[PDB]
Amino acid sequence: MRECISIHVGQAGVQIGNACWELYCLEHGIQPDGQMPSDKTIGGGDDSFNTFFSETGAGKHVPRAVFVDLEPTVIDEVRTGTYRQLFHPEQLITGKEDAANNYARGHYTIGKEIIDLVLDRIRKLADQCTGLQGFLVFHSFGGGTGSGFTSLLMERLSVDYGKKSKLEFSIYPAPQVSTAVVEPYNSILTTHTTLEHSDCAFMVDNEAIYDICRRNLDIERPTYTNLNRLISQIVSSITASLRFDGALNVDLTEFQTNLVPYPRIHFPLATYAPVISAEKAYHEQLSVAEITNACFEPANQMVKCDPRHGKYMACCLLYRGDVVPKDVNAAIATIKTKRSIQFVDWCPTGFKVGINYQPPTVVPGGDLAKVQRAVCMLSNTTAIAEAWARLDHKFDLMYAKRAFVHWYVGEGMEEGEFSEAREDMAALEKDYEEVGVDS
Amino acid sequence: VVXXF
Amino acid sequence: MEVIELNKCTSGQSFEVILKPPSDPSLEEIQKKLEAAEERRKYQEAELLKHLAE
Amino acid sequence: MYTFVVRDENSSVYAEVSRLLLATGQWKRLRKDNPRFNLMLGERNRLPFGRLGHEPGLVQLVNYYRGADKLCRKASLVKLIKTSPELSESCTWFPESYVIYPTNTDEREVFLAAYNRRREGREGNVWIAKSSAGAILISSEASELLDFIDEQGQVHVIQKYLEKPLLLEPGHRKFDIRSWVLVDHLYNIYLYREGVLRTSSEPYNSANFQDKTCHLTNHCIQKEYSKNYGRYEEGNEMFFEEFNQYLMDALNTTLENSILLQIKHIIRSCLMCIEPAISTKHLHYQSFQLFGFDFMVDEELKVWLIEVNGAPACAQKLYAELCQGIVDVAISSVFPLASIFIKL
Amino acid sequence: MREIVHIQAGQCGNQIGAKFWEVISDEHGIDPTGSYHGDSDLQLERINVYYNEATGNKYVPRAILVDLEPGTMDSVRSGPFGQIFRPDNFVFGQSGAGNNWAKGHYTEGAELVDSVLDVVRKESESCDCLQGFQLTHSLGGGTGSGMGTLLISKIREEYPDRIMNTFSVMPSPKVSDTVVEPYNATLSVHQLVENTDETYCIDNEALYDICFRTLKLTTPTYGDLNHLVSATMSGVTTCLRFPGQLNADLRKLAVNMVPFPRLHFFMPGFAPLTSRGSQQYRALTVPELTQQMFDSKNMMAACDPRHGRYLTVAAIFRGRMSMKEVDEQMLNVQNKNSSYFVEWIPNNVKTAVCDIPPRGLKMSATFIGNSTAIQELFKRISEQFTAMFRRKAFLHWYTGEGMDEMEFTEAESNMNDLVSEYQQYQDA
Ligand SMILES: Nc1nc2c(ncn2[C@@H]2O[C@H](COP(=O)(O)OP(=O)(O)OP(=O)(O)O)[C@@H](O)[C@H]2O)c(=O)[nH]1
Ligand SMILES: Nc1ncnc2c1ncn2[C@@H]1O[C@H](COP(=O)(O)OP(=O)(O)CP(=O)(O)O)[C@@H](O)[C@H]1O
Ligand SMILES: Nc1nc2c(ncn2[C@@H]2O[C@H](COP(=O)(O)OP(=O)(O)O)[C@@H](O)[C@H]2O)c(=O)[nH]1
Ligand SMILES: [Ca+2]
Ligand SMILES: [Mg+2]
Ligand SMILES: [Mg+2]
Ligand SMILES: [Mg+2]
């Protein structure tokens, strides 16, 4: 069995991390004590959930996870969390002086001063792994820690574990909830540095999940807790294959294989349905062919873009719950007609499908209704490039006047590294262009 | 201008 | 339309479905940058404390 | 109050719509690069659709359908009419065509099979060359312009010339009809009641083919390459009301029945085909767009589709009525303040 | 980035410093003796930011009181919260500065500055993690202006990586008839451009006009002027004092508010405008808090924001209200008056919402704008300055303490540069 370590970085990383491992523990029936009545492989196991949990003689199931924040406030809430007994002290790493939304401060200044403690704490988990397959990194694009320290950590792991796999869960910034004017700086900066050290990355536009949280759950001003329990339902759909027994996306290598032909173009668009309000006592039970179609309605995408005017390179359908393949292949036959799905002329125009019979669990007392069936589509469409365009226009506006640049230089970073990272991105929009449009 | 706290 | 590689189990199943075929930097090297910034920053702080000495 | 921008000033039409917008005291205009707008009269080409609908609390609308170039560019339209089942290759109202890339997905030349199917032919056949640039030639023997195609670098397409067009009298003149079509954010297909005939100035003779300007009915070729203009109709623009009366006193019919039904049909067929590809019903922004369809009628009063103009100009007369009409339907249905069209 | 050290210098400094502490003490439920007696627990969450703890869990402000005459500090110590302050943190001389920047910065103040820095150091070692310092002072007198800018220059030397914040009261003839105040102010500005990260431009011209026009007070007093400052200071530091998401520390605030190192002179606004007599029975609507907090009448800086462009804006709302509606009205201003925000800084308006409202109101709004129109303030002083300096008038008070004409010329010159820099980015 191959273990996965998930590394939660910064405020966004640690808070989503909780939405996840909270949801994980409801799905694998682990209690707030870390105790598991369903499990009988006490002390250790070769089960599939062991890829995300290690075991202790006392019978505790301990998240194979590391939490990091240059600010102690967030991780301190884990420590006294409803799920506190789960994690042990060594797993929760905290600094005192945070990065103040400055990429340079997180990477260079504060970053140098903790990198060798975290790696040491990651090493203590790698030395509890019989065949470590790699890492899952959770972070924001906008934060100081999230952007700055992450790019530092990724560089180190490509050295300390060169042949192991690294996958990203990244929060793309939206003015509607963002708390800094320079988040577009920290976004391009961290993407340029991190690109060659990430095998596959799942982007989530806060804008998208916000509007989904407004539209589908009738929430007026969605909190982060609202935004996060939604995300976790997505992330679970991605990871369920590693945690439960399946044949699709069974280890991290398969993700790159199935979703990433071009290594640089490793940002699959995730779409997910159904998102149902729990305040709706009775909710219409959406059939398989109904939620399969919703995978192509932009309103359900993790990033608002238009796949119709992009080409595909891969496409996965991950059904959870009451679904049989007959109903699936039926709806697949349908959509090829009604919808604009062009693939690249060097890829088969098809779909990889997977079913997970255990249905989507929901947090008791949450804003999501339990549904009998659900799907999560992972499409590597060039339409996601639209999100790089958005982000890059905002960058050029501010950098033409070197606005806020002095904050970065003052951390020791060079004004040329800005130029370096932007001209890298200007190639990515070209790569996405060469792949998906008619000349 | 005459202006006391 | 073609189904392929139907892999089954108790916890789920999977298959493929086709509709048409086709038609790095060093450990030290990192640290050389981490210190090139600690210097560039220590310098700009020398020039301030120098401007302040005046 | 509302905010809008402009990024195409070389557009005849939206210069007037921008003029009319500012006349309502409710539409402030912003700098062409301000992101906090409500409407965008974007650029003909390179229009960045990727940035629309990402401004919190701003409803955003635009005067172009992304994906609409598939119907308006020549080689694309063709590929669309044969590849799209809703319009069988066997299309009753679209002339035979084949896509043509020079020597430099070449449909070059299953096209030729069609020519020799007319070596058995006593049905005369003549095919055109027409291009992305406004700068086109026409002749029976194919090879002649295939050189003309391989000469220049642009991609081209070839299509049968309608050798028996309807001839307006007096004059024995050729012509074509331009109809203006408006599609809103809901995809209601609206037709402007007023149309125009781009009539030819001289009589139509199948004798001479080289730059003969009795073949082409463009405003640019009739004004520049002919001492013939305004003899019968000022501007070579015969509006519908006249064409209506002629067709009755001449052929005993109406514009409505002989031609307009077929026109209104091809419109519905084309837009409804492209509809799932471009509709903004469930998008984070909304779209609308004016189109100009060029039609050719023959002597059996059958209507054909020539090309779809994605950036059409209007007849001087109809500017004040149509540009006014655009604002009623396309902009103010989305942005309310405080008929001349026909739904299909 | 946890503890802040507060300092107040001179008459104005200590009066508003005192009023500031009076106000936030009441908001954090701290009594004059320093015990806690408040309901909500939001009141004690980030109490460690401005206060220290002692035996009996009493709360002592992290405040250093500085003056060159005992006057205002004797009055503050027998003021309302007088006995709340650390007795040892009273550091005063007897000679006075005689409204002279030179006396404050070079002679009478130099004689005292070391002793103050000792109390600064003692407080900064009690800090688990120090953010920086907020100073309150006037720019028009001698102690707060001259000694104040000296303390900054000295404190930047011991804590160059910390953040330096100031509440600086700009002089106006409408309130003071001391002729040399434009000298004192120009000299101070030169210092502030160089050695602060954030400076709240509290203009006594604005405060007087507000008191007289809007609040209809025909004989405005300092207490009236300070009630406005007290309100602003509570609001502006709210995002610092209670749990929040935006601009929650001085460094982050600086990073969001300061696009260029020199242009850190903020234009505060506040709503609803209140006098200590005003009733305020009718709480305002969210749309009313917004139309006002952007209204020039509510600006504490006496600039017309329509004459320049907002580089950045923070907007802080307090009290129980529709956070949904806050966003719409906030997004409304930006979209209505979009020409007045620079285009080359996307989403330059950021908003926070705290539940606990200010003393005596149900709904309050505080404005923090980095407008280029702030130059008008510096232009005002620049003119009042040159009017005298071209005739070298009243310079003998300064040369007599060791200064030279050249030092004036450079402070004149550096502030004219500041104005031009604020004008460079207003046409961008
Ligand atoms: N979905 C989601 N987004 C978040 C969350 N927290 C922060 N963000 C977003 O992330 C960006 C801010 O980055 P943070 O993670 O908060 O900052 P950080 O990583 O802790 O780094 P520093 O705070 O500078 O030390 C903004 O765009 C926020 O909107 C969260 O809990 N959930
Ligand atoms: N199959 C056909 N039968 C008859 N006439 C044809 C034809 N194909 C092309 N034409 C001629 O082409 C002429 C001009 O049409 P064109 O394709 O240039 O459209 P347009 O000028 O309105 C916009 P643009 O030239 O900018 O693309 C018409 O007058 C028409 O007579
Ligand atoms: N708003 C306000 N301004 C004051 C107060 N006291 C003095 N000033 C202003 O500050 C300037 C005088 O500075 P002051 O503090 O008295 O001199 P210092 O004691 O040497 O620092 C003048 O512009 C006064 O109007 C006060 O209590 N409130
Ligand atoms: Ca076990
Ligand atoms: Mg943080
Ligand atoms: Mg005095
Ligand atoms: Mg002495």
Side-chain angles (χ1 to χ4, degrees), chain A residues 9-15 68-75 94-95 97-102 105-106 110 139-140 142-149 179-180, chain B residues 1 3-5, chain E residues 1 8-19 66-73 75-76 92-93 95-101 103-105 108-109 136-149 167-182 184-185 188 202-208 210-211 220-230 232-233 245 248-249 252 300 381:
Chain A
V9 185
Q11 172 175 335
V14 171
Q15 262 164 186
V68 192
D69 198 13
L70 306 180
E71 158 196 355
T73 38
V74 187
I75 290 175
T94 49
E97 203 178 11
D98 85 22
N101 306 329
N102 194 335
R105 192 170 170 89
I110 319 284
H139 66 105
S140 59
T145 306
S147 64
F149 180 58
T179 59
Chain B
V1 176
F5 293 102
Chain E
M1 306 308 294
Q8 56 199 59
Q11 203 188 275
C12 185
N14 279 268
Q15 285 293 4
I16 72 178
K19 266 273 286 176
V66 183
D67 209 348
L68 287 169
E69 57 195 358
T72 309
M73 275 170 59
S75 71
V76 162
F92 59 90
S95 57
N99 298 321
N100 191 321
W101 194 88
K103 279 188 179 286
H105 196 91
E108 302 288 346
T136 59
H137 69 307
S138 66
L139 296 198
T143 303
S145 186
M147 208 195 165
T149 52
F167 297 88
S168 307
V169 181
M170 315 305 189
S172 176
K174 291 193 187 178
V175 173
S176 169
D177 296 284
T178 304
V179 298
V180 297
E181 298 213 354
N184 296 338
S188 288
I202 295 168
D203 188 357
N204 264 10
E205 194 149 297
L207 294 179
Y208 179 88
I210 283 177
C211 271
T221 80
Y222 283 127
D224 295 338
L225 267 50
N226 284 351
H227 167 79
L228 297 187
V229 173
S230 64
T232 306
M233 286 187 69
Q245 293 288 332
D249 73 69
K252 252 153 176 184
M300 306 286 165
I381 306 292

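Below, read A as the first sequence line, B as the second, and so on, with proteins coming before strands; counting in each chain starts at 1. Atoms within a ligand are numbered from 1 in the order they appear, just like the ligands themselves.
- Residue-level proximity to ligand 3 for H137(E) is absent, since no heavy atom of it falls below 4.0 angstrom.
- With a 4.0 Å cut-off on non-hydrogen atoms, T178(E) does not touch ligand 3 at all.
- Counting the atoms of ligand 3 from 1 in the order shown, those under 4.0 Å from a heavy atom of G10(E) are 19 (O), 21 (O).
- At a threshold of 2.8 Å, the Mg ion (ligand 5) has no backbone or side-chain N, O or S atom of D69(A) nearer than that distance.
- The NE2 atom of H227(E) sits 11.0 Å away from the OG1 atom of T221(E) when rounded to the nearest 0.5 Å.
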Check step by step if side chain to side chain contact (heavy atoms under 4.5 Å, CB included) holds for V229(E) and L225(E).
-> CA-CA 7 Å; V229(E) 173; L225(E) 267 50; 5.8 Å; no
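- Applying the 4.0 Å criterion to heavy atoms of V175(E) picks out, from ligand 3, the atoms 25 (O).
- Of the polar atoms of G140(E), none of the N or O atoms is found under 3.5 Å from an N or O of ligand 3, judged by distance alone.
- Atom CD1 of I210(E) is separated from atom CG of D224(E) by 12.0 Å, given to the nearest 0.5 angstrom.
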Should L70(A) and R105(A) be marked as a side chain to side chain contact (heavy atoms under 4.5 Å, CB included) after you check the CA-CA gap, both sets of side-chain angles, and the distance that decides it?
-> CA-CA 11 Å; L70(A) 306 180; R105(A) 192 170 170 89; over 6 Å; no
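- Applying the 4.0 Å criterion to heavy atoms of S138(E) picks out, from ligand 3, the atoms 10 (O), 11 (C), 12 (C), 13 (O), 14 (P), 15 (O).
- When only interatomic distances are considered, the shortest N/O to N/O separation between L207(E) and ligand 3 does not fall below 3.5 Å.
- Side chain of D98(A) to backbone of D69(A): no donor-acceptor contact under 3.5 angstrom is found.
- Among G96(E), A185(E), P173(E), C12(E), the residue whose heavy atom sits closest to atom 8 (N) of ligand 3 is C12(E).
- Polar contact with ligand 3: absent for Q15(E) (N/O pair, distance under 3.5 Å).
- Judged purely by atom type and a 3.5 angstrom limit, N184(E) uses its side chain to pair as donor or acceptor with the backbone of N99(E).
- With 3.5 Å as the limit, one finds a donor-acceptor pair spanning the side chains of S188(E) and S145(E).
- Annotation: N204(E) places an N or O atom under 3.5 Å from an N or O atom of ligand 3; distance criterion only.
- Summary: OE1 is the N/O/S atom of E71(A) found nearest to the Mg ion (ligand 5).
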Can you check side chain to side chain contact (heavy atoms under 4.5 Å, CB included) on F167(E) and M233(E), steps first, answer last?
-> CA-CA 8 Å; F167(E) 297 88; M233(E) 286 187 69; 3.7 Å; yes
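- With rounding to the nearest 0.5 angstrom, the OG1 atom of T143(E) is 13.5 Å from the NE2 atom of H105(E).
- Note that SG of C12(E) and CG of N204(E) are 6.5 Å apart. Values are rounded to the nearest 0.5 Å.
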Give the C-alpha distance, both sets of side-chain angles, the deciding distance and a yes or no for side chain to side chain contact (heavy atoms under 4.5 Å, CB included) between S95(E) and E69(E).
-> CA-CA 6 Å; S95(E) 57; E69(E) 57 195 358; over 6 Å; no
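- Residue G142(E) places at least one N or O, backbone or side chain, under 3.5 Å from an N or O of ligand 3.
- For the pair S172(E) and ligand 3, the shortest N or O to N or O distance does not fall below 3.5 Å.
- Taking only nitrogen or oxygen atoms, main chain and side chain alike, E181(E) reaches within less than 3.5 Å of ligand 3.
- With a 4.0 Å cut-off on non-hydrogen atoms, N226(E) touches ligand 3 through its side chain and not its backbone.
- Contacts with ligand 3 closer than 4.0 Å are made by heavy atoms of both the backbone and the side chain of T143(E).
- Heavy-atom proximity to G141(E), at under 4.0 Å, picks out these atoms of ligand 3: 11 (C), 12 (C), 13 (O), 17 (O).
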